[PDB]
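1. Can you look at this? It's an experimental structure, sequence on top.
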Amino acid sequence: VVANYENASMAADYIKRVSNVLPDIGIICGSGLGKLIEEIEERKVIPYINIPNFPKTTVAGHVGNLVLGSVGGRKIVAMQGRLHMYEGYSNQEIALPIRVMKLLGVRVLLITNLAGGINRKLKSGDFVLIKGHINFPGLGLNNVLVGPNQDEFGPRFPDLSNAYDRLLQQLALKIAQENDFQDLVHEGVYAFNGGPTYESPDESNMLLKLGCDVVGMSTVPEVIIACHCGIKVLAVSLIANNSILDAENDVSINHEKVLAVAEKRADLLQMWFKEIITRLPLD
Amino acid sequence: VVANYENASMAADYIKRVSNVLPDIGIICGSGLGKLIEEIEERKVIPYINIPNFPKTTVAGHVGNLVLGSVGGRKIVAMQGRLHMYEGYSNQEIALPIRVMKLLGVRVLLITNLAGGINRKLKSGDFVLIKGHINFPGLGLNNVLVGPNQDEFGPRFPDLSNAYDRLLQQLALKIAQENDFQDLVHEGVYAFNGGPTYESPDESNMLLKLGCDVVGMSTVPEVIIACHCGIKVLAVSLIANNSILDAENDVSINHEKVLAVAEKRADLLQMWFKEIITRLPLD
Amino acid sequence: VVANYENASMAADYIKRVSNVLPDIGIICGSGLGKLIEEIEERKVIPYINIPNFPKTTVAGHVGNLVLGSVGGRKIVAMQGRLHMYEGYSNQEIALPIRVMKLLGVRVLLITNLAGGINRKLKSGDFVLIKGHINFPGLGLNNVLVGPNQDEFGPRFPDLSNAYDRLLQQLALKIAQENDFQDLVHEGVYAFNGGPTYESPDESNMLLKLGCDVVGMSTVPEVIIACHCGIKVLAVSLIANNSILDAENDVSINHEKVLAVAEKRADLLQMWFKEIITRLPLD
């Protein structure tokens, strides 16, 4: 199924009819960071498998629902079950849910992920406001926009200079300051490692040379599709480990250690994002 | 359709029969730089859609003709309508037109493109003679030659040390000197960004660290297919913007600004290439 | 055919029945380095084309046999005919032979390749014990593990910190010292260039900046599949040329010069690996 206008329109029309929610804000959560989606009020849960033209996720399995409702006095739509390109999803499959969000009325997309620290100062448990990225798949002819352009959604050649909205970054930091946890909050450049192997020790060392602060396997494709269709983005990485120190010390990373850090910060991150939502422009 | 010997041969035979031109020189023009193709004398225009085994371009649309005839006293063939890999064309589709040029008798291929400046000295409107490249798709398993080798055209493992012919570079510079515009002409390494998003600000900064002078989304695949089958190449980038300064100053790029720079230099570039053609070896 | 548990199991069962060999050690040889496979005692030769679910290699052609038997008092299985991703093989095709080795009982995989020197000290004819890698295809969404994970073989997110077993490196070096050729043996980081064009001169220069010691077009995919399923790896590059010096001096590489270096060192490399096999743990 192509992520085109007719196909996204049919998905959006089904979602509107079933939910009776018109959302202004979209949310995509990293692994183990899904608590916010559980605090959604008057929730409507729509399985991906019921939505016309939505991508098939049963090979990967695990949950796949759109959840719509209210949080922090605002109407939102959340992806419960994220699509990652290391699973083998096509550009069309990644793009279609975000384009449906655009047609549902989403103007701001909030994204979290778990990532490895490349800046030597970053500690496990820190938050990084992403201010820019290095898209290795994009440089290498695997950009999520490769293929015919869908002109109905955006231009052939997007500029990504404002992909990570500066005012949303400033708002997120302001709220951390008001709540006295700004000592956890950094800003940084995210390197997109297609995955699914963790960055090798020598890859980490290369990324340090190239100016990256964090590394992960997600987020950049959604950011690009959102930027292409005019949706503002705030993206926040939770640091699971410091990959540069691990490289220098011969220490391994594993998904279990990673999920343990998400458990440590999930509630704070939920409280932070709920307050961001309440403080977003009504426009 | 594979870009193999039988299939390229059938395309070449059709082109020869219809045009009655045997060309020595091939031309592929960047966006907005197609004026030379309009100065071709005794022209024969052959729509791609009429040529056996030529790639289908109707999803992207826009013009797709081979134009054969005389320029500057020489027989040439030009691609009016270029195939870019960010459109989703396969390796076989990119390779087939250049291999047909080889069978038509092309010995030299002249290419122009629009590109972003990474060297801080490069100004909008400057020309860069390309002397080498950094092929990010190639390093990342998206090289245009991935797949079975077509032994009839060239070796399994091409060396690209002389991909950009030194004597053609020297000839191009000599002509710029004779016409007193050498102050516009630089030489440089081209970084191939698969596209279609413009290089992000942090990507630009990375390319500066890695020794690149310019960045763009084209040219390198054609250069590799031409080098593989023994066709000499001259490739010239027109600088549309300085991406490193834009990154440092938070300024966006857009395709419209880009096409405005092509309009500014198109006539000079046409005059330059016409004189290059007239001055090429008869061999 | 997917490289899944049922399909690898059917291949392994056929191989066991036909060979009557249960191997502990696997061997994959670089081009022109296949002499060891000729010293295998009580050999059983099984054409890839006879093995259920094995990948089709007739488009590339050339030899494709599994050879099982004894070397150095140990039971081994060797791939006579290697699958390279620049040929266009899918992730599933690359992964399946290594996963069959796992099911046959392989605990250690020995790999050789021919590679270009990026460290300025490396000479043609030197050996490099690989201690780490920079996986450009992996960073760029062409990792050999992209696709659904096969949970029966290994985790969704492998860590590669110990991908190149340290004790095997130490054993290989010890044996070189005992035989007084340690002056040929270096250790280094391998950059995986998807290929099949050789690294361009400016690509070589970039790799030098990024900390790479050698560059080649193989090995890293097999290492990742082996690491994923718990097989220990020793990988040794034979330096065919110094690519950084060639870049600095405008000298070309060609496959013929490369095969001439393999001929020069093939017998020593065979003797070295035979002694490594004899000295491996019985566990």
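-> Happy to help now that I have it. Numbers count the residues shown, from 1 in each chain, chains lettered A, B, ... in the order given.
2. any idea which helix or strand carries residue A:124?
-> Assigned by DSSP states H and E, residue A:124 belongs to no helix or strand.
3. how about the residue lying closest to residue A:165 once chain neighbours are set aside, phi and psi?
-> Once flanking residues are discounted, residue A:165 sits nearest to residue A:232: 4.5 Å by Cβ to Cβ, 6 or more residues apart in numbering or on different chains. Quick note: C-beta positions are derived from backbone N, CA and C, even for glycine. Here is the backbone geometry of residue A:232 (degrees, to the nearest 10): phi -80, psi 150.
4. which residues touch residue A:232?
-> By Cβ atoms under 8 Å, 6 or more residues apart in numbering or on different chains, residue A:232 lies in contact with A:107-109, A:165, A:168, A:226.
5. one more time with 7 Å
-> Contact partners of residue A:232, counting by Cβ atoms under 7 Å, 6 or more residues apart in numbering or on different chains, are A:107-108, A:165, A:168.
6. and the residue in the stretch 151-283 of chain A that chain C sits nearest to, what does it touch?
-> At 3.4 Å from chain C, residue A:194 is the closest residue in the stretch 151-283 of chain A, using Cβ to the nearest Cβ. By Cβ under 7 Å, 6+ apart, the contact set of residue A:194 is A:85-86, A:136-137, A:142, A:217, C:138-141, C:143, C:146.
7. Using the three-state scheme, assign the most centrally placed residue in chain A.
-> Nearest to the geometric centre of chain A sits residue A:111, at 3.4 Å (Cα atoms, centre = their mean). Recorded secondary structure, residue A:111: strand (DSSP: H, G, I helix; E, B strand; the rest coil).
8. Only the buried residues of the longest helix belonging to chain A, if you could.
-> Scanning chain A for the longest helix, with DSSP state H as the assignment, gives helix A:255-279. Judged by neighbour count (16 or more other Cβ atoms under 10 Å in any protein chain shown), helix A:255-279 contains these buried residues: A:255, A:258, A:261-262, A:265-266, A:268-277.
9. Give me the helices and strands touching that helix, please.
-> Contacts defined by 3 or more Cβ pairs under 7 Å, 6 or more residues apart in numbering or on different chains; DSSP states H and E place helix A:255-279 against helix A:35-38, strand A:108-117, helix A:166-178, strand A:232-242.
10. if we go to 10 Å?
-> Here helix A:255-279 touches strand A:25-28, helix A:35-38, strand A:65-71, strand A:74-80, strand A:108-117, strand A:127-135, helix A:166-178, strand A:232-242, going by 3 or more Cβ pairs under 10 Å, 6 or more residues apart in numbering or on different chains; DSSP states H and E.
11. if I read this right, residue A:271 contacts residue A:71, doesn't it?
-> No: taking Cβ atoms under 10 Å as the definition, residue A:271 is not a contact partner of residue A:71, at 11.7 Å.
12. what touches both of those two?
-> A:36, A:39 (Cβ atoms under 10 Å, 6 or more residues apart in numbering or on different chains).
13. follow-up on the earlier one: report the beta-bridge partners for the residue nearest to residue A:165.
-> Using DSSP bridges, the bridge partners assigned to residue A:232 are residue A:108.
14. on that earlier part again, need the contact list for the residue nearest to the centre of chain A.
-> A:26-30, A:33, A:79, A:82, A:130, A:164, A:218-219, A:222-223, A:226, A:233-237 are the contacts of residue A:111 under Cβ under 10 Å, 6+ apart.
15. Run through the residues that contact the closest residue to it other than its chain neighbours.
-> Excluding its sequence neighbours, the residue lying closest to residue A:111 (Cβ to Cβ, 6+ apart) is residue A:235, at 4.4 Å. The neighbours of residue A:235, taking Cβ under 10 Å, 6+ apart as the test, are A:28, A:30, A:109-113, A:128-131, A:133, A:163-165, A:168-169, A:190, A:218-220, A:222-223, A:226.
16. which of those residues count as buried?
-> For these, a burial check counting by 16+ other Cβ under 10 Å picks out A:28, A:30, A:109-113, A:128-131, A:133, A:163-165, A:168-169, A:190, A:218-220, A:222-223, A:226.
17. Tell me, how many residues neighbour the single nearest residue of the stretch 1-150 of chain A relative to chain C?
-> Nearest to chain C in the stretch 1-150 of chain A, going by Cβ to the nearest Cβ, is residue A:140, at a distance of 3.2 Å. Each residue near residue A:140 was counted by other Cβ atoms under 10 Å in any protein chain shown, and the total is 27.
18. next one: residue A:56
-> Around residue A:56 sit 12 other residues, with neighbours defined as other Cβ under 10 Å.
19. residues in contact with residue A:283?
-> Residue A:283 sits next to A:24, A:107 when contact means Cβ under 10 Å, 6+ apart.
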